[PDB]
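These notes are about the structure you will find just below.
Virtual Cβ from ideal backbone geometry, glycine too; neighbours counted across all protein chains shown. A short reminder: the numbers here are calculations on the coordinates, not readings from a lab.
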Ligand SMILES: [Cu+2]
Ligand SMILES: [Cu+2]
Ligand SMILES: [Cu+2]
Ligand SMILES: [Cu+]
Ligand SMILES: [Cu+]
Ligand SMILES: [Cu+]
């Protein structure tokens, strides 16, 4: 498009919603290309990540780990106002894997406390994509402090299967998975620090072992379990977007499947089908489409089961509806 | 199908065999849907996993690690009778990744020592799928104690390539890959225990390092070598089913290739072709189809070579037949 | 082909060049099948792998880590003269993942110091493929000492996308990624050894942790930066071949994408498209095609960002040309 054509595009502000929920959007694009405007304030804050009171100095887009999911369509522009309050102590920026140029935007968005910036980029490629902070020389430290999320760039005509039939979800969730590297003292007790920088050297030592102390969904062990389980109903079509900005994961819906899975996260790459466990490499997002067929509690996990059940990477779905004995039945219940 | 309709279907009892062999089955389905009946007894036993006499307290479906391969066709019903003898000390169950509902069957199959259960599920999705024990709160412990296997759900019309051309194997082998986490004492010597519960706390500490002490095929270092090397002949078409219930693997046939590889293990996802090394995420099974073209010894490995050759993930094939000098020849043998 | 027919084929002697560059070749095959001849001398040599002066006793095909990229076309014969000079101390050989039989050639190429051998194999399958040394009983040690590279077997008609359209690159680079396992003293400083053998036992200990101390491109931290940065221009089409003989990687062009990615490295397997981060399992090579659209500095990384920025797996591209404000623009530069 020419300069006048770009300047003439409608601008639309969108209010964000905290994960695993997702802001208002249409699957099929509404009108022609738009400049979709988002604002996020960066928060540095101590968060508790497990049932033992373990603290991380989180660095959180919009105050959440992961940062919120931003949704646009192919050939829209995403225009982000990024704000770094004066109360923060570190410089931050943002790299969109969906974007082209300047390291994904990081080169143009380096903001000190008390600064803001506005970045626009054209969303040329459909898919789910990681975004993360990336201050030169301190990239993994910000990322593993929770400073990452994802965006979804929908095809203008919505999702389709590998044969071109439309796939329309009834709901969408965004599960961001976070590897944390929390230092311990010589007694094995997790350490606490006054300021984020105080933890830097000890944390890098743990990072270098390549062994996270915690692997969590939505910023904490059990954050998506119990009264915070995700929900669905038999017959409901759900899209589950999953990201991991730094480390591999292998999502699995225990009791279900990935009917269609864009394992690479990219909608122009045909989805795998009938998946038991899919694979998302560190630095990427993926998306799975499932139609629920049975009610009950499902577990949604990283299927390294030590990571899932010892280190924190397990969520639940609570699903309503009628049991289907054709699909599964207890012929003889546990009996002596 | 209605309860009445299911009750009218033919029943077929199958006799399971120990991996890497696979029970008798037909590639193309014989007739319409059947209820295919299997029985497995769970055995808690000591296994020796290396030539240093290192022991694991195995929890073994049908008495083997991995548990045996069960073969059915799409839209058959798999009806498993699972038995936990009074000689065992723990509760066990079974989760089939192929199944839909109740956490893959685990919620309906919890059996104490002295109990049995019968589970029926519809095999709706064609592929190879992991199955494993998953007692709530004790999931990875049972899985990494060897309590896992796989099933194959064949398309009713047998296997095909990505273009509908039939693929018919002459032999099939099932390689179950197992990560073990064996505790060591102060001198770096592996510990032995006189009950499974005695090993628990020490084992969990090792598991949390995410670093297995051993990574093995068929339950031990060297299991599938020598007296247990897999066999083929030049011209023979072989299907190698490979599973890993907890941890990623990257199978490779040294001296050969994966001509067709269902890396995700799902037959409706077209196979990759001409593969050197494929990738199976933890919590999944995959399958590779190869036609042998050269005689001699092949090594079949997880191609993290430290895992293969230091930790134990190496099998052999012995292949008979005529050498092909067109494919490969020593123009000058090693010499001055 | 018969011995007589192979003897009748043209011979072409290629001069190898050091990575990341690739010897002169044609994308589309010139004429019929040929016997393409290469020579490599193995050098056991001390190399420095970081700015601190950390040493590795490398085992290097053609004196480089990685070994150089050999390029042939499908159904050519690759004829390698491999020389193990008398100045070396170990037996070495070569395993080509591209080849069929005798463990990829390793069974036929075991050469002691002072010996040479000539191996010929038919390049039957198009793709990029790892090659590596593999002396029985000493396999991972040679590989993680740098004794690996890759070859490219181009289709005779050059590259095409998934849908039959020709893809022609302007330039090609070969990034070999190496995991090193360097022993540390009680202060945590890297140890130096007088002879390669002195390092063996200490190195195997580190190898067993499955945690490399360094993960590097072209043999050292920062090897492909500064005046050794890779280069391109806006509009230029670049193929990046990436290998890892022992351990998984997840390549990512920061600021860019993988427009077409043969993640499995095999050209008959349709490429993934629009990739943010792709995945290459240990024991394989992959290839990505990208057309640059923005000038400036890019980082090409393994997107486990700890591995990239702490352990060494980061390269740079310097890209000339005109900035595209349609694709990305700073609407408001960092400001109060
Ligand atoms: Cu990134
Ligand atoms: Cu499972
Ligand atoms: Cu190899
Ligand atoms: Cu940041
Ligand atoms: Cu069990
Ligand atoms: Cu060697």
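Residue count for segment B:1-12 under the criterion of being surrounded by fewer than 14 Cβ atoms within 10 Å (Cβ to Cβ) and either within 14 Å of chain A (Cβ to nearest Cβ) or within 22 Å of residue B:224 (Cα to Cα) (or both): the result is 7.
Residue check: is residue B:144 away from ligand 4 (no atom under 16 Å from the Cβ) and touching a strand residue (DSSP E or B) at 6+ places or on another chain (Cβ under 8 Å)?
The answer is yes for residue B:144.
Has segment A:62-69 got at least one residue that is more than 16 Å from ligand 3 (Cβ to nearest atom), in contact with a strand residue (DSSP E or B) (Cβ under 9 Å, 6 or more places away or on another chain) and within 14 Å of chain C (Cβ to nearest Cβ)? Scanning segment A:62-69 turns up no residue that is more than 16 Å from ligand 3 (Cβ to nearest atom), in contact with a strand residue (DSSP E or B) (Cβ under 9 Å, 6 or more places away or on another chain) and within 14 Å of chain C (Cβ to nearest Cβ). Of all residues in segment A:115-131 being closer than 23 Å to residue C:323 by Cα and more than 8 Å from chain C (Cβ to nearest Cβ), which is nearest to ligand 3 (Cβ to nearest atom)? Among those residues, the one meeting the criterion is A:131. Within segment C:318-330, the residues that satisfy the criterion of being part of a strand (DSSP E or B) and more than 10 Å from every other protein chain (Cβ to nearest Cβ) are C:318, C:320. The residues listed here are B:304, B:268; of these, the one that is within 19 Å of the chain's Cα centre (by Cα), within 25 Å of residue C:262 (Cα to Cα) and within 14 Å of chain A (Cβ to nearest Cβ) is B:304. The set of residues from segment C:224-254 being surrounded by 21 or more Cβ atoms within 10 Å (Cβ to Cβ) and over 25 Å from residue C:160 (Cβ atoms) comprises C:224, C:244, C:245, C:246, C:247, C:248, C:249, C:250, C:254. Of all residues in segment C:271-289, those that are within 19 Å of residue C:217 (Cα to Cα) and either within 16 Å of ligand 3 (Cβ to nearest atom) or more than 9 Å from chain B (Cβ to nearest Cβ) (or both) total 12.
Do we find that residue A:87 is over 20 Å from the mean Cα position of the chain (by Cα), more than 7 Å from chain C (Cβ to nearest Cβ) and either surrounded by 22 or more Cβ atoms within 10 Å (Cβ to Cβ) or away from ligand 1 (no atom under 13 Å from the Cβ) (or both) in this structure?
Criteria met by residue A:87.
For the structure I just gave you, tell me whether residue A:175 is at the interface with another protein chain (Cβ under 10 Å from one of its Cβ atoms) and either in contact with a helix residue (DSSP H, G or I) (Cβ under 6 Å, 6 or more places away or on another chain) or crowded, with 20+ Cβ neighbours inside 10 Å (or both). Judged against the criteria, residue A:175 is not a match. Of all the criteria given as (1) within 9 Å of another protein chain (Cβ to nearest Cβ); (2) at negative phi, the one not satisfied by residue A:149 is (1). If you filter segment A:203-219 down to residues that are closer than 15 Å to residue A:304 by Cα and under 17 Å from the mean Cα position of the chain (by Cα), you find that the one that is surrounded by the fewest Cβ atoms within 10 Å (Cβ to Cβ) is A:214.
Among the criteria (1) more than 22 Å from the chain's Cα centre (by Cα); (2) surrounded by fewer than 15 Cβ atoms within 10 Å (Cβ to Cβ), the one residue C:192 does not fulfil is (2). For segment B:206-248, the set of residues classified as away from ligand 5 (no atom under 16 Å from the Cβ) and at the interface with another protein chain (Cβ under 9 Å from one of its Cβ atoms) consists of B:208, B:209, B:210, B:211, B:212, B:213, B:247, B:248, listed by residue number.
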